[PDB]
Amino acid sequence: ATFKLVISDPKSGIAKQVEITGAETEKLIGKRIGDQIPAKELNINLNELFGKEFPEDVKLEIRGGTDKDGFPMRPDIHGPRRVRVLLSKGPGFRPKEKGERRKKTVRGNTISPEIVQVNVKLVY
Amino acid sequence: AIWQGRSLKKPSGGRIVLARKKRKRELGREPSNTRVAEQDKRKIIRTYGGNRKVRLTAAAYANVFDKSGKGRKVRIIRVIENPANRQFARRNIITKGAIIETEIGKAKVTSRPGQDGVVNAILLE
Amino acid sequence: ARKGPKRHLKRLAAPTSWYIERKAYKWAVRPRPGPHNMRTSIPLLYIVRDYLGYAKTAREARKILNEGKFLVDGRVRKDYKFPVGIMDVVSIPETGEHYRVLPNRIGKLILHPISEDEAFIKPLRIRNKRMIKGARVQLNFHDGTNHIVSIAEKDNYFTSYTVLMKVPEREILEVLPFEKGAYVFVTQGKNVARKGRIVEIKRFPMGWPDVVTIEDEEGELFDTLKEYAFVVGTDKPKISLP
Amino acid sequence: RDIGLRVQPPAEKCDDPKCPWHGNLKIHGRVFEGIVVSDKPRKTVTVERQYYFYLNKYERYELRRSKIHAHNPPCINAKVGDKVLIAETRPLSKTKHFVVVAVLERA
Amino acid sequence: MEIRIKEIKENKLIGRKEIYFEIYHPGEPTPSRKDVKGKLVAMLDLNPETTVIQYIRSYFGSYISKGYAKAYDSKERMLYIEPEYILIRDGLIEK
RNA sequence: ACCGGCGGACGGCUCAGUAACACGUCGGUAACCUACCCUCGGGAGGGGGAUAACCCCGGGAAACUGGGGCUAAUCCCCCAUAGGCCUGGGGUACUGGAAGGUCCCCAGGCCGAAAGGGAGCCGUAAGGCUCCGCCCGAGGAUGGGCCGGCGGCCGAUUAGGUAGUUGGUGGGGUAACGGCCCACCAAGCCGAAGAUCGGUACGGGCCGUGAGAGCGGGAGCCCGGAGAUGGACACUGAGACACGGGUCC
Ligand SMILES: [Zn+2]
């Protein structure tokens, strides 16, 4: 389970990539979108990564991600399962028409070993 | 959906075969069972041609008039009788023909809650 | 297979009131909704191109119309699909020309030259009369136009009466009543394009229309519908109708 | 009162909302004369009208029947065999689209 | 080759003059557009750079060929009104 | 290039299905809806919020698609007044052949608008002129929905068919009236003048033939109806349950 986690700084609009192979992936696994995790708990030296003087209380907010198959994660579907849902808007669908609905494949909010990329927002 | 097109039996007792698919303009909506509650609940429905309807699902107040045009807003307590259905009286469902009793006595409904979203009634002498 | 409104009109299916070649091409302009009916109307494109021959192509006709060179009822009309109906005044100030649209003896629409002084008058038959919010009376004319008056003047107007309106100012000039001896002009039917004086009016039960008998100049008596009888005078026509 | 027909109204009064004489029902369209053949259904009568149809090829006529179901207002209590007048109205039921307006003659 | 002006009309909404003419000629080739325009301009005193020959049409077994032309008041108006193809055919634009 | 508006429901193709108010004709809707367009009478007041594009970082073999920041509108939301609907009591002002219609006065309630936005020419500014615009009300106009009378094949080696079936009362739903649906009350309704069932078929204007009566066909053009591999469903829109849109077998 090699994650390609993305860290985005809301105060600068800049994002960086960090690839994590094991050990630290277990703590991330099982979490749900909307949960905060201290940066130190992931052995991330984001201060030197971003060349900043980030405080010591920085916390990692997970907002979503994707899979090996490229199907995104809907923060609304419960459980670490892949489902087909008829979507009109929101994550996983781009309407392109006034009111159309198309069926797409998505995954639940909970993180699973199948996840390959996890997006994270820095919370000071 | 709730089709409201032609019947499939002739008046002579014969059988009719559909010559076309169901059309959108011929479709109805689910019945609105206005129930007495502690707070009014209404919804907006977009109808044919872009027009609009106000559907009342829960009714709390009623506008009661007594022989002189003097209207009062009085809370609904219970439904006494409803000739429309034999079970509506027991299920406490308001209907255009229902008879209710409010703080100022018995009244008979004269409006259609499912079509205009208002409960109007006349006091019974 | 039909799901909504039509946008096209085949030439063979065009109204019989148009002086159009029904076999030269396939399509014809579909009139936009407007003042008069489909049968008593013709798109301004045909007036500009065929009737008058001021343009040889629809592109030229559209350019001239957009240049605001044509006035109908005293107002400049730019769209080439505008309906033009009976008792309408078409004005070309640049050439100083003025025409009145009238039915023919065979039901086709024609342009009758008129005088400049007369070009400012439009007759309008009161198709209906009702009351609107407030205490005002609304009059609906044969071309779909509307006018508003006060409750005091309610008795000054009635159905089938004629009103002479000054265009484009939209001002009342005179009211011609519908009564015995009133000069009338037939707008449609078998007796279209005939004129005379009212002689008798007959009513019938249910929704059957009224029937009116008209005496022509030569003395012949004919019949038509009251709605088809258009009042255009009292003793002698106030509008040239030959 | 008159409802567009040159016929005398019924003598007595009724409270049927679907009575053109004493109700909100409006009559418009065709008017027919017929003979009542059935009156069993409640407030309904079947009116039969006979007419001749011309067969071109044989240059001969043939009798034909026209059965119509019409609403029977309480004031106009039509029976079997009566000659009645009916007028077209809005759809009142699956088959009833006419209303009896008067009884031309009673059997 | 003799040109007879059957009709001349003044269009004022479109600032032009419409000329209908007939070219009578005994057995000879159908007259060319350049020759027709030159003769018409010389005869009717028109502006050479503002006349466009709509057509010169010959008929079956006839010595009279009909012709329709237009003479504008303004070069800009001519360019704005006339389609490109007719002007190219008459050789008013180099293409 | 993107947001945003309109259109994409017309046109084009086929005759499968359908013996039916599908089609032809005459009438009705006083029982109903309609963007575009026309006329008249009115209005445009105060606030608020996202996000596309773009930038950083991607994921996915593709098809597609995630996270973070920064923005505008004729984008979206809220408040205010006009306006819309229901009901009760009074006067009769209007059209109609006839008012459950329209108008006026009180009463109880629900719902509830806009874009003074854009362009040009002047004007020191202010302000002005013009062009295309936005919202509400009453009418039209355009395209339809629904209903009625009459008319147009063969089989009796098919004689009985019908049970929401026929009608009623009270309601629901619809844009609209209606057993269209629902709850109860009755036994009604169709039929040898051929019901029911079965065979065949898109209907008409028309065409082929004959001296005519008549017989036969009704693909090409026009009008109307259905279908988009066979079925069944819904979203957006004035209009579709939609040939080059959507969901399931
Ligand atoms: Zn009665």
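The long axis of helix E:33-44 is offset from the longest Cα principal axis of chain E by roughly 80 degrees.
Backbone N atoms of segment B:1-39 closer than 12 Å to the 7 Å Cα→Cβ label point of D:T95 belong to residues B:10-14. Look at the alpha carbon pairs under 8 Å that are at least 6 residues apart: their mean separation over the length of chain A gives a relative contact order of 35 percent. Which part of segment B:72-89 falls in the paramagnetic zone of B:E125, meaning amide N under 12 Å from the point 7 Å along Cα-to-beta-carbon? Once the point is set 7 Å along Cα→Cβ of B:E125, nothing inside segment B:72-89 turns out to lie under 12 Å by backbone N. Amide H contacts of D:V45: D:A70, D:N72, each under 5 Å away and 5 or more positions distant or on a separate chain (H built 1.01 Å from N in the peptide plane; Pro and chain starts excluded).
Identify the trypsin sites (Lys or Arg not before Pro) of segment A:1-80 meeting these criteria: DSSP loop state and at most 16 other C-beta atoms within 10 Å of the C-beta.
Those that pass, being in a loop and sparsely packed, are A:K11, A:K31, A:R32, A:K52, A:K68.
Distance between the modelled labels on E:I5 and E:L79, one decimal in nanometres: 2.8 nm (7 Å Cα→Cβ projection). For the protein assembly as shown, the Cβ-based charge dipole about the Cα centre amounts to some 3880 debye (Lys, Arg positive; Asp, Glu negative; other atoms uncharged).
Can you give the charge dipole size of segment C:1-116 about its Cα centre, rounded to the nearest 20 debye, using +1 on the beta carbon of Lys and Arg and -1 on the beta carbon of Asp and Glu?
Using Cβ point charges on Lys, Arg, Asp and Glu, segment C:1-116 gives about 1020 debye.
When the P(r) of chain D is calculated, the portion above 21 Å amounts to 35% of the C-alpha pairs. Rg and Dmax of chain C, based on Cα coordinates, read 19.0, 56 Å.
Using a cutoff of 8 angstrom between alpha carbon atoms and counting only pairs six or more residues apart, the relative contact order for segment B:10-125 works out to 23 percent. Estimated from the Cβ-Cβ distance and a Förster radius of 56 angstrom, the FRET efficiency linking C:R30 and D:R60 is about 0.70. Positive-end ranking of C:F141, C:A119, C:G96 along the dipole of segment C:89-169, with charges on Cβ about the Cα centre, is headed by C:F141. Using the average count of surrounding beta-carbon atoms within 10 Å as a protection proxy, the listed peptides C:181-193, C:59-71 rank, highest first, as C:181-193, C:59-71. For segment A:56-124, the list of GluC sites (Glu not before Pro) that fall in a loop by DSSP and count at most 13 other C-beta atoms within 10 angstrom reads A:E56, A:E97, A:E100. Taking every residue in C:47-57 and counting other chain Cβ atoms within 10 Å of its Cβ, the average works out to 2.
Sites counted here are GluC sites (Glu not before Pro) in a DSSP loop (not H, G, I, E or B) having no more than 14 other Cβ atoms within 10 Å; the longest part of chain D that contains none of them is D:60-107. Inter-chain neighbour count for D:28-34: the average number of beta-carbon atoms from partner chains within 10 Å of each residue's beta-carbon is 1. As a proxy for reagent exposure, ranking C:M165, E:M43 by other Cβ atoms within 10 Å from fewest up yields E:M43, C:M165.
Would you mind classifying chain B by shape? Square roots of the alpha carbon gyration tensor eigenvalues, ordered a ≥ b ≥ c; an a/c under 1.5 is rounded, otherwise it is prolate if a/b is larger than b/c and oblate if not. Prolate shape, in that a/c is at least 1.5 and a/b is the bigger ratio. Using a 7 Å offset from the Cα along the Cα-to-Cβ direction at both C:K23 and B:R6, what is the distance between the two label points in nm, to one decimal? Roughly 4.0 nm, to one decimal. Comparing C:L109, C:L52, C:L44, which has the greatest mean-square fluctuation in the GNM of chain C with Cα pairs linked when under 10 Å apart? Most flexible of the set in this elastic network: C:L52.
Given the options B:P11, B:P83, B:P113, which has the most mean-square fluctuation in a GNM of chain B, springs set between C-alpha atoms less than 10 angstrom apart? Between B:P11, B:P83, B:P113, it is B:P11 that shows the largest mean-square fluctuation. Taken as Cα centroids, segment C:105-165 and segment C:174-239 sit 17 Å apart, rounded to the nearest whole angstrom.
Other protein chain C-beta atoms within 10 Å of residue C-beta, averaged over E:12-19: 4. When the charge dipole of chain E is built from unit charges on Cβ atoms (+1 for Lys and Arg, -1 for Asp and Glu) and taken about the Cα centre, the candidate among E:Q54, E:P31, E:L92 whose Cα reaches farthest toward its positive end is E:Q54. Lacking any other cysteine beta-carbon closer than 4.7 Å, the following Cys residues of chain D have no compatible partner: D:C19. The mean sequence separation of alpha-carbon pairs under 8 Å and at least six residues apart, normalised by the residue count of chain E, gives a relative contact order of 28 percent. Evaluating 6.51 cos²θ - 1.76 cosθ + 1.60 at θ = phi - 60° for every residue in segment C:189-194, the Karplus couplings come out as x, 5, 8, 4, 6, 9 Hz, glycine and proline recorded as x. Near D:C75, once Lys and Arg are set to +1 and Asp and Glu to -1 for all other residues with Cβ below 11 Å from its Cβ, the sum equals -2. For chain C, modelled as a GNM whose springs connect Cα atoms under 10 angstrom apart, the maximal fluctuation among C:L139, C:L12, C:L45 occurs at C:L12.
For neighbour counting, all protein chains shown are included, and Cβ atoms are generated from backbone atoms with ideal geometry for every residue, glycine included. Every read-out reported here was derived from the displayed coordinates using simple, explicitly stated rules and does not represent laboratory data.
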